[PDB]
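These notes concern the structure reproduced below.
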Amino acid sequence: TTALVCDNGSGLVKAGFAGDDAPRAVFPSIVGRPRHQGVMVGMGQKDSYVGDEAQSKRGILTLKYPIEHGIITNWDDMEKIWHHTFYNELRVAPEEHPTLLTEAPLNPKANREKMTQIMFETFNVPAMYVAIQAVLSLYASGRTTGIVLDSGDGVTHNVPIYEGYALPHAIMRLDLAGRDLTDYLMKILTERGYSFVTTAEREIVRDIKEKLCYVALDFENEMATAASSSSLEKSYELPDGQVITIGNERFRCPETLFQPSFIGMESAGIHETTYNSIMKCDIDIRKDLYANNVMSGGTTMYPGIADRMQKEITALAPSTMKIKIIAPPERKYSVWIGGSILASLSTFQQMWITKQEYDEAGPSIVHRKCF
Amino acid sequence: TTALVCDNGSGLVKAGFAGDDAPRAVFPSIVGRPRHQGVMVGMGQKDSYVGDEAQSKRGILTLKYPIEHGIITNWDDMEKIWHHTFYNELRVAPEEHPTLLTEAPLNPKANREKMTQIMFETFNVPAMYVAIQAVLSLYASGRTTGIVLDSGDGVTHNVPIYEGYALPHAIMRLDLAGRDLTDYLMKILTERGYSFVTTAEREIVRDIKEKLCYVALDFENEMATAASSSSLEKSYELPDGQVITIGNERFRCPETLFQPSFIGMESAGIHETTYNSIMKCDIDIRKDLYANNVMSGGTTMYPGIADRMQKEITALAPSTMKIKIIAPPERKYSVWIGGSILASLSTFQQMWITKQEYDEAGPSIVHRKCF
Amino acid sequence: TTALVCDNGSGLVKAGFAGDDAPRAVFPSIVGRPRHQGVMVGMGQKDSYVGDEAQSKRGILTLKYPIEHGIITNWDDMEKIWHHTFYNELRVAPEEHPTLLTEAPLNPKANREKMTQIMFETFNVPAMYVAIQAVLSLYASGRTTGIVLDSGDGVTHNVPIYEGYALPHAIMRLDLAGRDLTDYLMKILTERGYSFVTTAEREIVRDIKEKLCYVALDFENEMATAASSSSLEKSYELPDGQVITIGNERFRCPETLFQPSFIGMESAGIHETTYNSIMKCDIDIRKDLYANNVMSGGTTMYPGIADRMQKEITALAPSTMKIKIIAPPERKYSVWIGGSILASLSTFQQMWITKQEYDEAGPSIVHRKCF
Amino acid sequence: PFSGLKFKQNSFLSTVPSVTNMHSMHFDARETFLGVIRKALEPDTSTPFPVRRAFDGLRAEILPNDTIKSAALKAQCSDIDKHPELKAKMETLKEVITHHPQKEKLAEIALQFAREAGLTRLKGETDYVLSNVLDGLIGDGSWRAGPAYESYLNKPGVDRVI
Amino acid sequence: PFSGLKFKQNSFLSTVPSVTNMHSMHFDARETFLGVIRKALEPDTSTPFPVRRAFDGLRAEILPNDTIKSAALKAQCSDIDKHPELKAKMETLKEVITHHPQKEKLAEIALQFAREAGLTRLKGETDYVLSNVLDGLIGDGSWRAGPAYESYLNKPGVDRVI
Ligand SMILES: Nc1ncnc2c1ncn2[C@@H]1O[C@H](COP(=O)(O)OP(=O)(O)O)[C@@H](O)[C@H]1O
Ligand SMILES: Nc1ncnc2c1ncn2[C@@H]1O[C@H](COP(=O)(O)OP(=O)(O)O)[C@@H](O)[C@H]1O
Ligand SMILES: Nc1ncnc2c1ncn2[C@@H]1O[C@H](COP(=O)(O)OP(=O)(O)O)[C@@H](O)[C@H]1O
Ligand SMILES: [Mg+2]
Ligand SMILES: [Mg+2]
Ligand SMILES: [Mg+2]
């Protein structure tokens, strides 16, 4: 009867039932094959771990992600992770409950067409629906207008939207996200000698990143604090026991969101592609978009990210009028929670994609369901 | 029907049936030719004693070992000792029961290829299997993870292994073992004048070693106890009757395991090649290898060896996290007992090397059976 | 007046004057303490041999390298080797000639900061400069564009660079190199019983490696030639006199460059991290990087290494367009020769790091000199 | 018959396991080699739709994902004469993988699974899928003999060397 | 005073020579024990800079590298009262090596250099550096007596045994 909502996270698959406040189970989107001998006779089974059991056993696995840049690449593994959601951790029959997949805007069509074809012809769900990420996040705001800095693990994107109506031409999207943060953090740990090489260490780099890295309010003046390096450094215990420490590399890594030339991609920062999105929008809406900026996605859980972009968009906006940065304390789950709302609306049960209308339509039916 | 398991010990051949708790017969791996006149007419037969009858009659024999450094050298004598196992002391027909030979890692290929060719084309056993030493010893632990300080009579080696999966590149192996202890004990008895020269006396040096020698907790501070030589010395009755005594040479001999420069080999001690093995392993496993260190093999029956390496690896590990030394009271037989388990598993009877698949394969079949 | 260029080789220190075609003196980067009694009275002096005199006298020394993985570890010994360069074999006053140290990319900062602090405050050179390895190697090419497979003794790395301009984010670097070849060759000689244990034998393993080991064109089909082992084996005389022979282990050792899972490191091979570097580069340059691949460094003196990677990158590239592998016959000295050019340019004498600008700057001056 | 269809390059490099992995005794090399061939034959999205879902539709009854479907697949491989319509559709896929653009890189790795993992330990008695897929990549089909030999014993000189 | 400073673990294991090496008669145990203490006190790069180059700057006039500087160092050790400013800076380093995190592993090896190499053959007449560095590692300073005894003659039984 009830619906399931399962945000296909680029880094962390978030899932749960409709109308629930918190998502039921959140596990990292990691499938992993083992890579060693296995001279034991009993424990050599289960030749592909996925999810949390791949997370704990990460030392003997080649951890690979099925989704990169918001684009689902390895469809063989992507079945394996969805089978882990429904059966292994939600323990629900997928043939009984309707689902609601979510995806980024401006991804390829085959990322959407295969995703519905692998949903019906494999899992036999009754009805599905595909939602744009950031337009779910306004339902989490409980507010019907304003652009969204939805920065995930794999992609960041801005979906400007006035009350009801979106701006499809002004949707901007950058591939710089948490993996591009993690890969750049791996580059700058080598300057302090902490050479973290392979995928098991690429996991523990993210544990360094999510526990330590903050973004600076003023980059140069706080870099000068790291010159007189007195109180900047913290220190992190690795899983083996030996401890690291990190100085200016702690805040220099999340400046990739603002200077994308650090990883060498030629783009504007997410403070500027914010303003470049609002300049693309029509002139009446611009007063309301400046008062309504929703930070969303797990990348935007950096401390100081709201105080930075409120300063930095103010540098780009005409200073005669106010800016606001709506950064709720549930930004990590905002796409799910707004997804949990939208499936629960009584005006929505005609907006699904049912199987009985799929069978004469084929996989192109989702292109005539909210583009 | 039942299988035999016969650990080709470098010093003591341990053998018995599958599923038995204790090995059936343990005898030293000594073949010996006589070396004198034999002017008696009746007792001049049996021109090559082997095993316990060579042990009791050791005064008129040139006792030689067929296996040195874990490598089987004299294949003519190695037939003679295996014929003594099956017929003379186990009294079983080798053509009826499957066998399970065991061997050290990183030994030469021809030590394995000849060993299977001399098993089928001489003894005609139905099926055989060759196991790495230390991976049997975890079956004796009943635990699926942790490195093993498997120090035998001829070789010591570390096989680090996480749950199921081994680390083949991190297998380390040192040739320092009980014979290198015995040969160094012969060098330092001459400092007290106890000149033990030939192979019969080399046997009774080992009886001195296994009954007296303990390893010190702190080498220098307990050496200083031997300066005020009051209670350190014990005394040992030789087989002729005259008695010896031994002071600082009692604990200075098993320090060769920790300072291999005493016998002049340029290596790290077995406390350090432990840590050098775990540093080679990946960073997640290192927390579990430190909690799981299995002492194994008859050399590690020295009293105080567990209290020493628990102290000494703690000096090398990062001190923020715990170490454990799993030293069971059956370390002398741990390779056999784990070998007795592995042959008894119901999931193992497809893992043998049968004769009917040998005949089209030749002796290279064991290289495609667990390397 | 003239400048010195001294490539701090991870295995072989290459040194000489600026503008010279060949480096003046090449000696292995080995310092060695003796390890025995020295009961002679006269010859007991010179308690630390270094260089060629440690090479000839290698039987009584513990040969240790000061640099591992391109990172200078033992700074006490690293003074001793540089003092051997300037005084003992170049016979030049370091206070008169400017120097030019070279180093790998992505090494730690303290490998660079200490290296300049130990250059001025110990040797008092007038001016120094630190260069990335592979960007010197294009000067040896006489060509301003193309990536470089600069594989040394201690580290391999790719520095993609278009005409003038480098790609700092696309610099990739793997620690697999000639010592990881040598250590794996020591592992696979034990399969033929040739147990070479300590550092003197680790030296003669490299003499086996550099004289015999070739890399195969097609690994599996040429492995099948070793099944019908007829003409593959050569044979090498050890320094004592006894001779070895080697079969499939001759080409299986340099396949570690292509299958890094042989030494168990989880990485792509150097054929693939080549292509992974060029995919990181921007799309216009990719046509020119494929036509310009410079093999460099002494590890790439394997016969057949050019014919292999030209085949293997062709398997990864889109086949519609050509590949080239620029493998000159001076790849062993290419970093020095390009270093000899760069110091000789008339447009370079303002690019040094002088002492008079060092004194108000401190050791962080090299971070504002080409990163 | 499947014209206008293509694949993306290097689509299978993440799927091929390490060599120390495939030296496992609990490594059933069939369903992980097919899992390479499954990923390697993933059709690129640049192919048009009506040739895409037909070739994908041929796959799901030939190269399934679940370990029970491929185990069910081997069941009719014992009596492949009595199942003609699936047996006849297999050589179509054999024709497709013959014209695969990375055939040599497949055929290099395809018999790398044969030796290190022991995929071809039956050598003439392997079932119908592993037969012709290898025969799709290896043209002459000379994989019957050759991985078994390993040059066991030869001593052209002195004894143990110390 | 040197707070926020640390070292890497096991930094000196390559430096400590073999026991057969230190049983040499041409083994001047001073400059090779200091060379262990030099390497063992190598500051880890995780320490910040302004405490790093000061502690390194204290070292170069205390633990030099050249064999002529340490031989010059012993020259003022005969009249250490007449050189206060270097004598006063020595106990700072003695305070540092007191709080060394591998003190016990140093203090185990520090008197291993004392017996096997004969480092402390003066026992009260050693100069100022070898005095307090050993006193930095050995707290009570009980290294004066004890390495000299070796339990020469005792025969609690029979004669030569053959
Ligand atoms: N509390 C936190 N502090 C800092 N960084 C975080 C935090 N939580 C998550 N992140 C970063 O955000 C990323 C999670 O992105 P996420 O929003 O889950 O992607 P997706 O939207 O595709 O699921 C991770 O890479 C993580 O490093
Ligand atoms: N109880 C003991 N105390 C001291 N040393 C022992 C003891 N038992 C065995 N040893 C030593 O261990 C060696 C036996 O090791 P063993 O278990 O036979 O190795 P392997 O089985 O691999 O040959 C003998 O050389 C003996 O000196
Ligand atoms: N002719 C050769 N054939 C094969 N290998 C070689 C040859 N010459 C050198 N090598 C390998 O290359 C290494 C030398 O590399 P080197 O020039 O020292 O790199 P770097 O200078 O960057 O350290 C040696 O250790 C050796 O193993
Ligand atoms: Mg998320
Ligand atoms: Mg044994
Ligand atoms: Mg080089």
Item to check | J(HN,Hα) series, region A:88-94, from Karplus relation 6.51 cos²θ - 1.76 cosθ + 1.60, nearest Hz, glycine and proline x | outcome: 7, 10, 9, 6, 10, 6, x
Item to check | Label distances, nm, B:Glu53 versus same residue in remaining copies, Cβ-directed 7 Å point | outcome: 5.7, 6.4
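With runs of 4+ DSSP H residues as the only contributors, calculate the mean residue ellipticity of chain E at 222 nm using -39,500 (n - 2.57) per run, divided by the residue total and rounded to the nearest 500.
Using -39500 (n - 2.57) per qualifying helix, the result is -13500 deg cm²/dmol.
Just how large is the dipole of chain A about the Cα centre, in debye to the nearest 20, putting +1 at every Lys and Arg Cβ and -1 at every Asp and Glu Cβ? Before the final figure, lay out each step's value.
On the way: 37 positive and 46 negative charges, 34 e Å.
Value, rounded to 20: 160 debye.
From the helices alone, meaning DSSP H stretches of at least four residues, give me the mean residue ellipticity at 222 nm for chain B, per-run term -39500 (n - 2.57), in deg cm²/dmol to the nearest 500. Please report the intermediate quantities before stating the final value.
On the way: 13 runs with 115 residues, N = 371.
Mean residue ellipticity, 222 nm, calculated: -8500 deg cm²/dmol.
Assuming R0 = 56 Å, what is the FRET efficiency of B:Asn88 and C:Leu217, from their Cβ-Cβ distance, to the nearest 0.05? Intermediate results must be reported in sequence, preceding the final value.
Values: r = 55 Å, r/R0 = 0.98.
According to the calculation, E is roughly 0.50.
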Checklist outcome for this item: Simple spin-label estimate for A:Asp359/A:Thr199, 7 Å along Cα→Cβ, in nm, reads 4.0
Item to check | Kirkwood-based shape ratio for chain A, expressed as Rg/Rh from alpha carbons | outcome: 0.98
Item to check | In region A:44-104, the trypsin sites (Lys or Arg not before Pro) that fall in loop regions by DSSP, at most 12 other Cβ within 10 Å | outcome: A:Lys46, A:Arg91
Next on the checklist: Rounded to whole angstrom, how close does the nearest chain C beta-carbon get to the axis mapping C onto A, and which residue is it?
Outcome noted: C:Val197, 3
Next on the checklist: Starting from the Kirkwood Rh over alpha-carbon pairs, what translational D in µm² s⁻¹ does the protein assembly as shown have by Stokes-Einstein at 20 °C and 1.002 mPa s?
Outcome noted: 60
Checklist outcome for this item: One checks the Cα atoms of region A:182-270 and finds Rg and Dmax, in Å, of 13.2, 40
Checklist entry - Which far-off residues, 5 or more places away or on another chain, put their amide H under 5 Å from the one on A:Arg173, with H placed in the peptide plane? => result A:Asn158
Checklist outcome for this item: Checked against the positive end of the charge dipole of the protein assembly as shown (+1 on Cβ of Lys and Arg, -1 on Cβ of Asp and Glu, about the Cα centre), the farthest of C:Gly304, B:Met128, A:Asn221 is A:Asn221
Checklist entry - Roughly how many debye, to the nearest 20, is the charge dipole of region C:28-68 about its Cα centre, given +1 on each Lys and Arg Cβ, -1 on each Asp and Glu Cβ, and no other charges? => result 120
Checklist entry - Shortest first, in nm, what separates the label point of A:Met265 from those of the same position in the other copies (7 Å along Cα→Cβ)? => result 2.8, 5.5
Item to check | Shape box of region E:1-138 [Cα atoms, principal axes, largest first, Å] | outcome: 42, 37, 26
Checklist outcome for this item: The answer for C:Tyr49, listing residues at least 5 apart or on another chain whose modeled amide H is closer than 5 Å to its amide H, is C:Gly32
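Can you tell me, using C-alpha contacts under 8 Å and at least 6 residues apart, the relative contact order of chain A as a whole percent? Present the calculation step by step, with values, prior to reporting the outcome.
Values: 656 pairs, mean separation 74.2, N = 371.
Reported relative contact order: 20 percent.
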Checklist entry - How big is Rg to Rh over region C:28-68, alpha-carbon atoms, Rh as the Kirkwood inverse-mean-distance radius? => result 0.99
Checklist outcome for this item: Under a Gaussian network model of chain A whose springs join Cα atoms within less than 10 Å, the largest fluctuation of A:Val135, A:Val26, A:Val39 belongs to A:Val39
Checklist entry - How large is the dipole of region A:188-282 about the Cα centre if only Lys and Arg carry +1 and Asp and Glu carry -1, each at its Cβ, rounded to the nearest 20 debye? => result 100
Checklist outcome for this item: Taking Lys and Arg as +1 and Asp and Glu as -1, residues besides B:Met321 with C-beta under 10 Å from its C-beta add up to +1
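First measure r as the distance between the Cβ atoms of B:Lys234 and A:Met43, then evaluate 1/(1 + (r/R0)^6) with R0 = 30 Å and state the FRET efficiency to the nearest 0.05. The partial results should precede the final answer.
Working: r = 46 Å, r/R0 = 1.55.
My answer for the efficiency is 0.05.
For an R0 of 56 angstrom, estimate the FRET efficiency from the Cβ-Cβ distance between E:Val161 and E:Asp44 and round to the nearest 0.05. Write out the running numbers ahead of the final one.
Values: r = 55 Å, r/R0 = 0.99.
According to the calculation, E is roughly 0.50.
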Item to check | Length-normalised contact order of region A:28-68 in % [C-alpha pairs under 8 Å, at least 6 apart] | outcome: 58
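Please quote Rg/Rh for region C:266-314 to two decimal places, taking the Kirkwood radius as Rh and restricting both calculations to Cα atoms. Walk me through the numbers on the way to the answer.
Working: Rg = 11.5 Å, Rh = 11.7 Å.
Ratio of gyration radius to Kirkwood radius for region C:266-314: 0.98.
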Item to check | Amide H partners (placed H, <5 Å) of B:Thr245, local residues excluded | outcome: B:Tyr236
Checklist entry - HN-Hα J couplings of region D:147-157 from phi, Karplus 6.51/-1.76/1.60, θ = phi - 60°, integer Hz, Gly and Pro as x? => result x, 6, 7, 9, 6, 4, 10, 7, 10, x, x
Next on the checklist: Using a label point 7 Å beyond Cα on the Cα-Cβ vector, give me the inter-copy distances for D:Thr92 in nanometres, one decimal, shortest first.
Outcome noted: 8.5
Next on the checklist: Net charge around A:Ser267, counting only other residues with Cβ within less than 12 Å of its Cβ (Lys, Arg = +1; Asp, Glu = -1)?
Outcome noted: -3
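First select every other residue whose beta carbon is under 11 angstrom from the beta carbon of C:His367; then total the charges, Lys and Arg +1, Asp and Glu -1.
+2
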Item to check | log10 of Debye I(q)/I(0), alpha-carbon scatterers only, for region D:118-162 at 0.27, 0.30, 0.34 Å⁻¹ | outcome: -1.04, -1.16, -1.30
Item to check | Cα centroid separation - region B:45-92 against region C:290-343, whole Å | outcome: 59
Next on the checklist: Could you tell me which residue out of C:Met279, B:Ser334, C:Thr102 lies farthest along the dipole of the protein assembly as shown toward its positive end? Charges go on the beta carbon: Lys and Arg +1, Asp and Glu -1, centred on the Cα centre.
Outcome noted: C:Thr102
Item to check | Cα lying deepest toward the dipole's positive end in chain A, options A:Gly38, A:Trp75, A:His169, charges on Cβ | outcome: A:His169
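Just so you know, all these numbers are worked out from the coordinates, no wet-lab data involved. Every residue, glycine among them, receives a Cβ derived from its backbone with ideal geometry; neighbour counts consider all protein chains shown.
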